[PDB]
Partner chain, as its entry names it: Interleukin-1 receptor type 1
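To begin, one chain is listed below as structure tokens, in the form solved without the partner chain.
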């Protein structure tokens, strides 16, 4: 059948919101009130992959855009990018591995591990207005925990 998708927003555990802030750029900042329309709406697709009760493979597309979060090596490091795709072919159930995150539910928060790069996570910085990135530990000063808000 089709792939199933939900519209949502994400906020880091410090309650920073995610925004598009440059051609292919995702940054995190403290947002409230009028400025909250600026936040990125995701289409979270439930994709093929290894699954358990608390670990669910997803893709993260930007709502009604042919753009996906993806994990690739750049200058020899696992990095997070926004990657364009052929809009005729996406989303699909069998997303390529660079697009797949393991959505992990621990203590009422979510972590998004790269399926391609084990123990690399979607991360934010403590500082305002810095890139969303792929970080190689769910420990330390960088933030790896999120909450999801369901959108109409």
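Take the two forms, find the largest set of C-alpha atoms that superpose within 1.5 Å, and that set is the rigid core. Positions refer to the first chain, counted from 1.
Look at the C-alpha B-factors of 130-138 and of 9-17. On average they run higher in 130-138. In this entry, the higher average B-factor at the C-alpha atoms falls on 32-40, of the pair 32-40 and 112-120. When the C-alpha B-factors of 64, 96, 83, 86 are ranked from the entry, the top spot goes to 64. Among 102, 53, 45, 125, the highest C-alpha B-factor in the deposited entry belongs to 53. In the deposited entry, the Cα temperature factor of residue 147 sits in the bottom third of values across the chain's modelled residues.
Same protein, other form: the form solved in complex with the partner chain, not shown, and the subject of what follows.
A 2 Å or larger CA shift between this form and the one not shown, after fitting on the rigid core, occurs at just one of 119, 89, 108, 84, namely 108. When the rigid core is held fixed, the Cα atom of residue 37 travels less than 2 angstroms between this form and the one not shown. Relative to this form, the distance between the C-alpha atoms of residue 107 and residue 6 is reduced by at least 3 angstroms in the bound PDB entry. Closer approach of the C-alpha atoms of residue 108 and residue 8, by 3 angstroms or more, is seen in the bound PDB entry than in the present form.
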